[PDB]
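Everything on this sheet refers to the single structure shown next.
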Amino acid sequence: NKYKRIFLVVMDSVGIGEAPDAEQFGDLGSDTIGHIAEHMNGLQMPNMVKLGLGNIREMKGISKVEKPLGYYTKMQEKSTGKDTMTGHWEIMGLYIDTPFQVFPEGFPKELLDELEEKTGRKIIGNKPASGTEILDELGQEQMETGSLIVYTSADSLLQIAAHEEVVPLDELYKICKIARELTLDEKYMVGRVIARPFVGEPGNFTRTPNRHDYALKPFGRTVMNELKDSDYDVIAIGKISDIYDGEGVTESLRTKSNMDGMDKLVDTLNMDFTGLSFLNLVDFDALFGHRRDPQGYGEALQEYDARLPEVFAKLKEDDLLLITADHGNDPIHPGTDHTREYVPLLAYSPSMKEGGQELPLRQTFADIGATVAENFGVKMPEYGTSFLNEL
Ligand SMILES: [Mn+2]
Ligand SMILES: [Mn+2]
Ligand SMILES: [Mn+2]
């Protein structure tokens, strides 16, 4: 292998400007990094700048450098949707025609009607809400009627809440499995069904750790599958295992925040493995993008960039670091949905003794998967063009 270890970091939702098909998605004008940089009166990201971020695209506080540490370009998404599953699936070698849907006004009546009809239970709520607001609002009614509280988020989720002393857990998991079948339907395609059991009394409801998720497998065997089947390590950090429903994962490390994700990245640098270490930094999407909070997003980007020198210090001559994103989520854009954007790509190894150069624009995210597969000598994905020999 040219590289013994590859460290792939998805900065979740960190877009670098409107894609050529943004108009189809109502995403004209979008620019996640750009708008944040203007809000911050200059983003302070000196380490991403040293890698070549401003060589991809100059933005406020983010300038090009003469000798970038590694190679740089951007990537265009080929898949139909702009959700997290689509983007990640494409990164690992797939093409996804059928988008996952989001439900800001609630789920369609036809779906909720069929869930009632299969379960024998009435549904209440049916809107985007936090766990806390929805339980305050409807927890008491739920307790008194046996009804199911159905809510959503700004992401592709269907969440079903019920009190553990009113709806037994096993019954709630059965209900979520029925909902998971009903939502494999392109009219209603949700990424994840989540059981949200709770306990307590009105005024004091708490969600319990008995949460269970019902995800879809990727629509194809990914590069991760091929790695795992060839006895490589595939270390998933953060939401990566959930995103691929475990497919192809040999070890999974839960994280609680972006700093904790960078700590687990560092833990993997200290491991003797051969294969892929794959990190998702989700806070950018979950806390700041969907909440349309440019200040919080800005601070988080700065906090991330400050962790990078330690990663540079630990990379070996036969390691490769890849940094990208899975879509945009511009915190100064209408609504609460993602944005259809190009994503940055940075590729760095300390064996790059002269620094890097510009790569041709990657016409699918699957170029990353193709690179990884070529590096490790495993079956090449159906989609994607490796840039391994360009490095
Ligand atoms: Mn939009
Ligand atoms: Mn995402
Ligand atoms: Mn999201």
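Under the 0.36 nm per residue contour assumption, what length would be gained going from the current alpha-carbon distance of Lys256 and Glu382 to full extension?
Full-extension gain reported as 41.9 nm.
Taking every DSSP beta bridge that has both residues in the chain, what percent is antiparallel when rounded to the nearest 5?
That works out to approximately 40 percent antiparallel.
Most fluctuating residue of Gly328, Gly200, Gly61 in a GNM of the chain with Cα springs under 10 Å: which is it?
Result: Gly200 has the largest fluctuation of those listed.
Report the local net charge at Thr80: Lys and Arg +1, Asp and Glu -1, summed over other residues whose C-beta lies under 13 Å from its C-beta.
-3
Hey, got the Cα dimensions of the chain along the principal axes, in Å, largest first?
69, 48, 37
Note down the relative contact order for the chain as a percent, whole number, built from C-alpha pairs under 8 angstrom at least six residues apart.
Reported relative contact order: 30 percent.
Test of understanding: extend the Cα→C-beta vector of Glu186 to 7 Å, then name every residue of region 153-173 with backbone N under 17 Å from that spot.
none
Given an 8 Å cut-off on Cα distances and at least 6 residues of separation, report the relative contact order of region 98-216 as a percent.
Reported relative contact order: 27 percent.
When the Kirkwood radius is taken over all Cα pairs of region 1-117, what Stokes-Einstein diffusion coefficient follows at 25 °C and 0.890 mPa s, in µm²/s?
Translational diffusion coefficient: 142 µm²/s.
Straight distance only, please: which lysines reach the Cα of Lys379 with their own Cα at less than 29 Å, same-chain residues fewer than 8 apart left out?
Reachable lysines: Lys2, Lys4, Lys74, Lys78, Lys82, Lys217, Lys228, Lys239, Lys264, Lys316.
Under a plain spin-label model, where a point goes 7 Å from the Cα along Cα-to-Cβ, how far apart in nm are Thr336 and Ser63?
Each label point lies 7 Å from its Cα, and together they span 4.1 nm.
Show the residues, 5+ positions off or on another chain, whose built amide H is closer than 5 Å to the amide H of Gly246.
Under 5 Å from the amide H of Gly246 lies no amide H from a residue far enough along the sequence or on another chain.
Collect residues whose amide H, placed 1.01 Å from N in the peptide plane, falls under 5 Å from the amide H of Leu158; neighbours closer than 5 in sequence don't count.
Amide H neighbours of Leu158, under 5 Å, 5+ apart: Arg192, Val193, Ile194.
Net charge within 14 Å of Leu315 by Cβ-Cβ distance, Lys/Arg positive one each and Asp/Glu negative one each, not counting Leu315 itself?
Neighbour charge sum, excluding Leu315 itself: +3.
Could you work out how far apart the two model spin labels at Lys174 and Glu117 are, taking each label as a point 7 Å from the Cα in the direction of the beta carbon, and quote it in nm?
Taking the two extended label points, one gets 2.0 nm.
With Kirkwood's inverse mean 1/r over C-alpha pairs for Rh, give me the Rg to Rh ratio of region 98-216, two decimals please.
Checking Rg against Rh, the ratio lands at 0.93.
Could you list which residues have their amide H under 5 Å from that of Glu251, counting only those 5 or more apart in sequence or on another chain, with H placed in the peptide plane?
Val234, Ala236
Determine the distance separating the Cα centre of region 357-390 from the Cα centre of region 27-52; give it in Å without decimals.
26 Å
Compute a Gaussian network model of the chain, connecting alpha carbons closer than 10 Å, and tell me which residue from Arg292, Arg121, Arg180 fluctuates the most.
The residue with the greatest mean-square fluctuation here is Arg121.
Under the classification rounded if a/c is under 1.5, otherwise prolate if a/b is larger than b/c and oblate if not, where does region 168-311 fall, given a ≥ b ≥ c as square roots of the Cα gyration tensor eigenvalues?
Taking the square roots of the gyration eigenvalues as a ≥ b ≥ c, region 168-311 is oblate.
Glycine also receives a Cβ, built like all others from the backbone with ideal geometry; neighbour counts cover every protein chain displayed. The numbers here are math on the coordinates, done by the rules we state, and not lab data.
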